[PDB]
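Numbered according to the numbering used here, the first sequence spans residues 98 to 135.
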Amino acid sequence: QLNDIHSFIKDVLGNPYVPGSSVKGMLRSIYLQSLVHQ
RNA sequence: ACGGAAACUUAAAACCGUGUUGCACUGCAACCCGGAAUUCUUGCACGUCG
């Protein structure tokens, strides 16, 4: 059946957030990635 | 055979004995080891499922 479950990042109380490093790394996959269009 | 001829001015004896170049006196009074320098800038927990 359903096995053991992974973990998201939380702050100090179980309250989660999207990381700032990933949303900085999100746009690292954008501005170089977009306008290469040999 | 010259008032002539002989003779030491000589022998010993400590310029010694008592006596501090000594007594009173800060190598002391005043000062900062003190002022100006980002532990920083590049960095996604993810590729992987008959």
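Heads up, the beta-carbon is just placed ideally off N, CA and C, and yes, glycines get one too.
By how many angstroms is the C-alpha of residue j removed from the C-alpha of residue i?
i	j	result
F105	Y114	8 Å
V133	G122	18 Å
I102	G111	15 Å
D108	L124	23 Å
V120	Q98	34 Å
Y128	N100	39 Å
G117	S126	14 Å
Taking 7 Å as the line, does the beta carbon of residue i fall inside it for any heavy atom of the ligand GDP?
i	result
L129	No copy of the ligand GDP appears in this structure; indeed no ligand is present at all.
Sort out for me which residues DSSP pairs residue i with in a bridge.
i	result
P113	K107
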